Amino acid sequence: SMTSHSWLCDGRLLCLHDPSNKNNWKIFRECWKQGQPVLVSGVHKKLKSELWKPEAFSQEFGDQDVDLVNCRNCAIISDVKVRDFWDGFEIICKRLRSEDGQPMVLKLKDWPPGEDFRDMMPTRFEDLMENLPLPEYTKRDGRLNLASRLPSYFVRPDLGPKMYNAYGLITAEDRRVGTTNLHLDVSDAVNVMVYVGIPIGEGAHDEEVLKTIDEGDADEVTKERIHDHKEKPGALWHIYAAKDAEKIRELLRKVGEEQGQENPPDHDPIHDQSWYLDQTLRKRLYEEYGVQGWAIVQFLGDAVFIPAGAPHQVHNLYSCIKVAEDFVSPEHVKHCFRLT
């Protein structure tokens, strides 16, 4: 029946069911003040779906010059046309190929660039901003968003939103690699999955997705969203509490040294954004440091709320279009303060 909310991660993650429900703040407040991430489903049903297709991005902006990253080896592909990315989004045989002759898993880097989203795409901006959940926290002029209200003693976020576009990771070896490596942000963020592209040509890649989710350490209720409701899964997230950041640094310093890296003892492997925590490193983090995270599968229309200071990483299961907005909640303002 109509339910206001449910729990995922064996009770540890709030999942709100109606993104426009004026009472969401009452349940959200409590979980958010404890430094938890939150998931809101059903945002895709609020959007104009014709504005968020790969084909329309290709047609309208195809001639713009961009760089891409090879997600498998971190190689940068320099000064190509953005249509070279979009036209292989879903059709595998159209994708740029590596020396080995295999179609590459690519991320479109920094597009639209800097703070240009609103200028380049005024109709998309309107469609997203008008349908963000928890609007008092997430809108530019929201009463509980301090972004526009803080003095220079605070690190203020850029004007957004930002778009995150990348292919899905495919093989058994791709399971140990990230779309976005482990990092943290000094402000809060909401990340919405506006489109999930399920590719064709090698269109029998269903079972590898399920083994990645399973090995990802995803909860039984999350697996029921696929098998029962036939929802489209986009990305596997791992998020850790802000207060566990330094323990994670201690693990990654030790593993670095083990792997022959020669780093100063105070260097910051989270700020380096060079690590993905695979099943081996997540197990080790649990056993040797007593740190546990949230394994979150972001489906089409799912909004992921990321607390300020929380280390997080992303692994695309299929090809994803994501749009993210920064904000500064009073709950977490400490994380962007320039003193002590």
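Quick note: we count residues from 1 along the sequence shown, nothing fancier.
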Higher-B stretch (mean Cα B-factor, as the entry records it), 256 to 264 or 71 to 79 | 256 to 264
Mean C-alpha B-factor comparison - 29 to 37 and 302 to 310, higher one | 29 to 37
Highest Cα B-factor in the PDB entry belongs to which of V209, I239, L144, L184?
-> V209
With respect to the C-alpha temperature factors reported in the PDB entry, which of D219, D188, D244, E136 ranks highest?
-> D219
In terms of its chain's C-alpha B-factors, the third that includes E331 is the middle
Cα B factor band for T123 (lowest, middle or highest third within the chain) | highest
Please rank the C-alpha B-factors of the chain's modelled residues and tell me whether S152 sits in the lowest, middle or highest third.
-> middle
The third of the chain into which the C-alpha temperature factor of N131 falls is the middle
Lowest, middle or highest third of the chain for the C-alpha temperature factor of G234?
-> lowest
